[PDB]
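One chain comes next, on its own, written out as structure tokens in the form deposited without the ligand.
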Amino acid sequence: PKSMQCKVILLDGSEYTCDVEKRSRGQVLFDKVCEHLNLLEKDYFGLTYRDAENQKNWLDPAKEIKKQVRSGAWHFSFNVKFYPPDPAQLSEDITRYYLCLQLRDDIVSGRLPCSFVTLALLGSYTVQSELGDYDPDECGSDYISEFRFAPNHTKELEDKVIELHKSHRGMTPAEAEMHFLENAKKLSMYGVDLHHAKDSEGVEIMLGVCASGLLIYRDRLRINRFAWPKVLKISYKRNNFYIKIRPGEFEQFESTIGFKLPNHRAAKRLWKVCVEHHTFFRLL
């Protein structure tokens, strides 16, 4: 039995290495990673890989790994796939912990925009979780944390993290992580997967996929939202992505909204993430 070496970037930035039989399905590798992580609430998570274009793809657990990575290295990342709308309802602290690590990367990367005060508050809960109670001995008037809190760090942000950290004395790691999530979950881009597209007039938009539905970001004044209930059918053909928007009461016919994606693979990817979100958040 011939086995292939897999390398997985974990959410703390460390590398897990294992071997799977070369015809293994994605679920086999995912089960090994989740066992390594002591993670039971596995349904929220998945593995990604980067293609020759360094674009992110979800590894389909039901399909052979080799038929997805194809020509590429067996190199993956462990990521949150379905962001829980209410992390307080997860059954395990360790689930909330991995969700926090993913969100920290969402923030530092700039995928999850955040006000100054929310960056500082989130940063303060991470410090409380990671180091425990504020200690003046490690922090002078010139302190800069090892923790990455933001896409662009300022001394002002470092000071505000410390000021809020002082207020959390006695807070346990699970408590600070729950506070982190209660704040992060409210952010307008929480759990939103963004895809570049053109509308039917060739005007550049973003499509966001999240628990509550599909978001069309036209301009700052024009943001259309289609709750999953309002979406009857999702389709792709060539470079095009289509959604069927339900008849509103007393209307005879569904409406169709068409989008142009960069290429066929980008249309397919968007279609599959929409179907998966529609299924997952229908089970809520």
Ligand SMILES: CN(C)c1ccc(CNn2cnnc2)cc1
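A residue's number is simply how far along the shown sequence it sits, counting from 1.
One more form of this protein should be noted, the form deposited with the ligand bound, which is absent from this view; the next part is about it.
- Identify which of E64, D43, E254, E35 has a heavy atom within 4.5 Å of the ligand in the deposited complex; exactly one of them does. If I apply the 4.5 Å criterion carefully, the residue I get is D43.
- Message: Does any part of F259 reach within 4.5 Å of the ligand in the deposited complex? Heavy atoms only, please.
- Response: Flag for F259 set to no.
- Message: in the deposited complex, does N239 come within 4.5 Å of the ligand, counting heavy atoms only?
- Response: Flag for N239 set to no.
- If we check the ligand in the deposited complex, which of the residues in 22-43 reach within 4.5 angstroms of it by a non-hydrogen atom? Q27, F30, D43, in sequence order.
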